Structure formats: C-alpha cells, structure tokens
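Before any comments, here is the structure.
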Amino acid sequence: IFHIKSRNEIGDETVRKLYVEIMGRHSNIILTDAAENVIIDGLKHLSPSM
RNA sequence: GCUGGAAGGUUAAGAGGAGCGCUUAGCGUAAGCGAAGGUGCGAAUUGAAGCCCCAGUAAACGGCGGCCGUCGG
C-alpha cells in the first residue's frame, strides 16, 4: 500500500491508494482511488472475457 | 394532435391623438415667418382570442435505430 495523499494543484488533500500487486512475472501497479476503490489506470486484463 | 397551464414575447380592429404636412389671415423690403381655423398624415400608450413556451396523453396521430467487440459497449 502507498497512501498517496496529494496537496495537488488545488490544495485539497486528495488521498488514494496505489496498490501494487507485486506478483513477480504478472504484477500490476494500480492507482486505486481509496475513497471509491476504483481503478483509474491499470496494467493486466481479464475482461472477464474468460 | 388533443386536454390543461401559459409567468412572459408577439399579435388585431379599435380608443388614440404626441407630433408632421398643406391652406392662409397677419407680420412681412425681399427672403421668409406665420396665429387661428380647416384639411391630410399621424407616433406614444392600451389592445382579447390566438401562436411562441411548459406539462399530461399511444385501444391518439404515429414511431419501434445504427456501428465496435465477444451477449456487452
């Protein structure tokens, strides 16, 4: 977990998670918006096409 | 389309009657001004229904889609 606060370009203290599922080969750096727990940019898919 | 509302816009004829002309006494050296009256044109303001507008209505009119992916977007 990385508790990314941000005194961002506004001044508001926008807090989120940045979960990195370190899993060797197929890991995934995931900026998880903490208050919503929503992905905002991720790496590996499973659409769930299967 | 109908039913309803319709704050508001716009909308008549009509009441209008600000003013604008012309005639012409009189004033006028001329130039012209010109009162009154007449006569003609007349704006402002007001002017409903209505349509503009907002609802509701499909056993009203009427209408009942496309593109990408592999059923979803």
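Order determines the names: the first chain of the structure tokens is A, the second B, and so forth; residues in each chain are numbered 1 upward, and ligands are numbered 1 upward as they are shown.
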
With chain B as the partner and 12 Å as the cut-off, tabulate the residues of chain A that qualify, each row holding the nearest pair of atoms and their distance in Å to one decimal, using only C-alpha atoms (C1' of nucleotides), sorted by chain and rising number, as JSON lines.
```
{"residue": "A:47", "atom": "CA", "partner": "B:70", "partner_atom": "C1'", "distance": 10.5}
{"residue": "A:48", "atom": "CA", "partner": "B:70", "partner_atom": "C1'", "distance": 10.8}
{"residue": "A:49", "atom": "CA", "partner": "B:70", "partner_atom": "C1'", "distance": 7.6}
{"residue": "A:50", "atom": "CA", "partner": "B:70", "partner_atom": "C1'", "distance": 10.4}
```

Take the residues from that selection and write them out as an mmCIF file, in the first residue's frame, keeping C-alpha atoms.
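Result file is selection-v1.cif:
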```cif
data_model
loop_
_atom_site.group_PDB
_atom_site.id
_atom_site.type_symbol
_atom_site.label_atom_id
_atom_site.label_comp_id
_atom_site.auth_asym_id
_atom_site.auth_seq_id
_atom_site.Cartn_x
_atom_site.Cartn_y
_atom_site.Cartn_z
ATOM 1 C CA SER A 47 -12.044 -8.577 -19.154
ATOM 2 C CA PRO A 48 -13.675 -11.095 -17.704
ATOM 3 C CA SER A 49 -13.648 -12.412 -21.321
ATOM 4 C CA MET A 50 -12.948 -15.800 -19.706
#
```

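Backbone DSSP of chain A yields strand (DSSP E) at residues 19, 20, 29, 30, 32, 33, 38 and 39 of chain A.
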
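Residues in contact range of residue 55 in chain B, defined as at most 12 Å between only C-alpha atoms (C1' of nucleotides), with sequence neighbours fewer than 6 positions away removed, read residues 3, 4, 5 and 6 of chain B.
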
Selected residue of minimal separation from residue 16 in chain A among A:4, A:36, A:41, A:29, counting only C-alpha atoms: A:4

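For residue 31 in chain A, the list of residues within 7 Å, based on only C-alpha atoms (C1' of nucleotides) and with local chain neighbours fewer than 6 positions off taken out, reads residues 17, 18, 19, 39, 40 and 41 of chain A.
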
Next, dump the selected residues to file, keeping only N, CA, C and O atoms, as a PDB file, in the first residue's frame.
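Wrote it out as part13.pdb, contents follow:
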```
ATOM      1  N   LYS A  17      -5.183   5.192  -2.633  1.00  0.00           N
ATOM      2  CA  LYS A  17      -4.261   4.072  -2.577  1.00  0.00           C
ATOM      3  C   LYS A  17      -3.511   3.980  -3.892  1.00  0.00           C
ATOM      4  O   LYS A  17      -3.998   4.434  -4.930  1.00  0.00           O
ATOM      5  N   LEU A  18      -2.335   3.379  -3.842  1.00  0.00           N
ATOM      6  CA  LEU A  18      -1.662   2.884  -5.034  1.00  0.00           C
ATOM      7  C   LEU A  18      -1.236   1.460  -4.699  1.00  0.00           C
ATOM      8  O   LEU A  18      -0.115   1.217  -4.249  1.00  0.00           O
ATOM      9  N   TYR A  19      -2.153   0.524  -4.902  1.00  0.00           N
ATOM     10  CA  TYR A  19      -1.832  -0.878  -4.714  1.00  0.00           C
ATOM     11  C   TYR A  19      -0.953  -1.353  -5.857  1.00  0.00           C
ATOM     12  O   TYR A  19      -1.261  -1.128  -7.031  1.00  0.00           O
ATOM     13  N   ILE A  39     -10.319   1.582  -9.985  1.00  0.00           N
ATOM     14  CA  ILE A  39      -9.123   1.711 -10.797  1.00  0.00           C
ATOM     15  C   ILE A  39      -9.228   2.991 -11.613  1.00  0.00           C
ATOM     16  O   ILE A  39     -10.310   3.369 -12.082  1.00  0.00           O
ATOM     17  N   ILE A  40      -8.099   3.678 -11.757  1.00  0.00           N
ATOM     18  CA  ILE A  40      -8.001   4.842 -12.628  1.00  0.00           C
ATOM     19  C   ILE A  40      -6.941   4.668 -13.707  1.00  0.00           C
ATOM     20  O   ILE A  40      -6.942   5.436 -14.683  1.00  0.00           O
ATOM     21  N   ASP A  41      -6.034   3.699 -13.564  1.00  0.00           N
ATOM     22  CA  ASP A  41      -5.222   3.189 -14.663  1.00  0.00           C
ATOM     23  C   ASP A  41      -4.542   1.903 -14.206  1.00  0.00           C
ATOM     24  O   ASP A  41      -3.896   1.886 -13.154  1.00  0.00           O
TER      25      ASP A  41
END
```

Distance in Å - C1' of residue 69 in chain B versus CA of residue 46 in chain A: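 For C1' of residue 69 in chain B relative to CA of residue 46 in chain A, the distance reads 14.5 Å.
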
Long-range neighbours of residue 26 in chain B as a PyMOL selection string, 12 Å cut-off, only C-alpha atoms (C1' of nucleotides), 4 positions minimum in chain: chain B and resi 33-36

For CA of residue 21 in chain A and CA of residue 1 in chain A, the interatomic separation in Å (one decimal): 9.2 Å

Exercise: residue 43 in chain A partners within 9 Å, only C-alpha atoms (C1' of nucleotides), chain neighbours under 4 positions left out, as a list in words: residues 27, 28, 29 and 30 of chain A

Range 40-43 of chain B surroundings by only C-alpha atoms (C1' of nucleotides), 10 Å radius, close-in-sequence under 4 positions cut, as a PyMOL selection string: chain B and resi 16-22
